[PDB]
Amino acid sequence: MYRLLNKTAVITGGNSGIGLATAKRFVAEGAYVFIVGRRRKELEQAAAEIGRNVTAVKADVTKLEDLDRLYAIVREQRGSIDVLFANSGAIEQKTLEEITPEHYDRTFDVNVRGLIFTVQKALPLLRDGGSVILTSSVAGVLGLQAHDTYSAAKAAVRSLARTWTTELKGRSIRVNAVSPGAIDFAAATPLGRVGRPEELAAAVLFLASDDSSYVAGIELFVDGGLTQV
């Protein structure tokens, strides 16, 4: 059974390891995927790798006009969204002493502002009963040297899954966060290795799929046990 047969998915960060692995799994599970990213060349290469049932959309998700353009494309080509994987994110290490206004704004714009507006602008297209997955991080629950803004931003992302669970419940839209650990640390991790992108994708699939139909507002750690022991 194709677990996303004929579903429409939008994946932001189709330039990340996890966004591409997710797109591949989703196409293997029968979905039509829009992969979204800032860098056109890697996007087009990714779409060529995936090979079928995929459209690449160049967009900077921090720019409201780019989001409007994305959604117009999705509306015209597929008409509605079943699964939204809001997978933005970038880290720059700076200690508290080293933080500048620019570093703060870059970190929060990509990890938080971009996410909020990605999901806001998807709402008209999202089907009732749909599924929204947010990318948090183990950093959201840890105290890692020089991850000040990144960890704080990923904590913000996890919180938005709770709030959107409440706000969207009338439409039966589930919102859940995935919190990856180290993806290709290993020493602190019970499984004794970094995770493969396809293992993160499989977890995202769980959340996108009907197997998680009674799962809402959670933080799914995909970290080999790092944060759990």
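The first residue of the sequence shown is number 1, and the count goes up from there.
A chain break between residue 184 and residue 185 is present, corresponding to 10 or more residues of the deposited sequence without coordinates. Just going by the entry, 51-59 versus 193-201 on mean CA temperature factor gives the higher value to 51-59. Set 148-156 against 114-122 and average the Cα temperature factors; 114-122 ends up higher. Which of 141, 86, 90, 99 has the largest Cα B-factor in the deposited entry comes down to 90.
Among the modelled residues of the chain, residue 180 sits in the lowest third by CA temperature factor in this PDB entry. In the deposited entry, the Cα temperature factor of residue 166 places it in the middle third of its chain's modelled residues.
In the PDB entry, a CA B factor belonging to the middle third of its chain's modelled residues is recorded for residue 12. In the deposited entry, the Cα temperature factor of residue 95 sits in the middle third of values across the chain's modelled residues. In the PDB entry, a CA B factor belonging to the lowest third of its chain's modelled residues is recorded for residue 136.
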